């Protein structure tokens, strides 16, 4: 039963916009005195 | 029982702020919106200027034809852009 | 007639289109064109507007809407005024 | 009370006479005709009223209760009367460079704001060491500002008339120079801000990116966009005067900041300065 | 990205040999003797 | 010079009257006070070329 749900975790490949959004990610708020 | 209809409506709204799967027009809408979002942000603009960012996607039939259609359309629009509608002002004057 | 203003009429209108040129009638445009009071006459590329440019006044330039008749062009000739047509590009009739 | 009736009747009479004046002004032919006569001069009215709004917001910000909208409004008024007005009055018309460089200034002011929203909670000023921020006598600051405007207006005036400058392959230089100055300024700001804990409190010495070509790349990038605007209009003398005044003020401020980090960091900034001597221009200054 | 395309003889060209050394000098990655001696006596 | 000034004023007042006349015309057009006159006519039967 696990093979079907792990085979369908990505039935279609990631879109160009998604890959381009992920490829240019940033640090996101490490240098704060609170966190 | 009318609350269930609103529940389904806004649950579908929640699903369409995702990319599970739906009609092609909304997917094109989200793609051009994501392109606008990437382009407007400057800290997302600079990381585009790294050749590896292009290269990973380049090394990964429909796409080439879609990109070459916009080539001839752009060529048409640029060629029409340099000419005055009246070439001979004097001969029509 | 070797005026320094050889061709600086249509282009300058194409730049300062943002100006507000008030309206004037056809018959007064004729009556002041004949008078040798106007410095230039400008034709729009659809021949449905005409931006006058006289020598003195406040403002200099206006807008006169035009009927297509030959006697218009006859008095434009016999007045002895500067005749030119603004040429738009080929996208503006595809943008519309 | 009768006094309420009397004051209400007085207000009604004043409103009646004011509305009579308003109605006889609205239906007035000569008033509308002269209104259209003064409709001829519309673009210069917003350009001058923005100066009044900007000085009002600037006095409020000097007092200290200005929202961020008023600060960006001051920024916008400065950018309009330094990159939209100089060829709107000294040519009468805008086409080509002024819109591009007006938006380029807005684009160039927005890295110290963008970075300090990203790598922070907000723009709120963190408590810090009072001697860290570089401060200069106010007469020197206004002298620098006046010199910068004199250079920019002089580039506008000494530059030729607007639509006669060429195109084609000769307008690629400003493109690449603007790209270079944006890239180098962004690298300088990022390398300066990725180490400091607070707003300006550096921990180590930055010797990466443009810092290994020049000792002050932020100031030289501002210098280079100055030169970019001046070169887009093809005026060398105003570029030279801009260079002179910015060299004087930036060199003064660089000398105080350099002696501050020499005192504060000891041998580290000394060897960094020995590695790269050129302060503003690569192997020129 | 760029070493996948550059020719071998262009790499063995003296220009590419002197380009790398100026890259190291500008970036500051000169590896000296005393560095490696301090490293070897730093280990255990 | 006085004649120049006065005839400048003469042609300028001519333009004053023509633009003011146009403005008063378009101001009176909408209010319906000029309804029925030749500046706001009413439709009728068609007509031929002859």
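As written, the chain order gives the labels A, B, C, D, E and F, with residue 1 at the start of each chain.
By definition in this document, contacts are C-beta pairs under 8 Å (C-beta built on N, C-alpha and C of every residue); 3 or more make two chains touch, one makes a residue touch a chain.
Common neighbours of chain B and chain F, by the contact definition above: C, D.
If you take chain C and chain F together, the chains in touch with both are D. Of all chains present, the one whose mean CA position sits nearest the global mean of protein CA atoms is D.
Using the average of C-alpha coordinates as each chain's centre, E ends up farthest from chain C.
Distances between chain centres, each the mean of the C-alpha atoms, put F farthest from chain D. For the pair chain C and chain E, the distance between C-alpha centroids works out to 72 Å.
Here the CA centre of chain B is 43 Å from the CA centre of chain E. One finds 36 Å separating the Cα centroids of chain A and chain E.
The set of chain D residues that touch two or more partner chains comprises 36-37, 118.
Residue positions of chain C touching 2 or more other chains: 22, 58. All chain pairs that count as touching, in label order, are A-B, A-D, B-C, B-D, B-E, C-D, C-F, D-E, D-F.
Against chain B, in their complex, chain C makes its touches with residues 43, 45, 83-85, 87-94. Of all residues in chain A, those touching chain B in their complex are 12, 15-21, 23-24, 26.
Per the touch definition, chain B reaches chain D in the complex via residues 42-43, 46.
Those residues of chain C that touch chain F in the shared complex are 22-25, 28, 37, 56-58.
Residues 77, 80-86, 89, 92-93 of chain B are the ones that touch chain C when the two sit in their complex.
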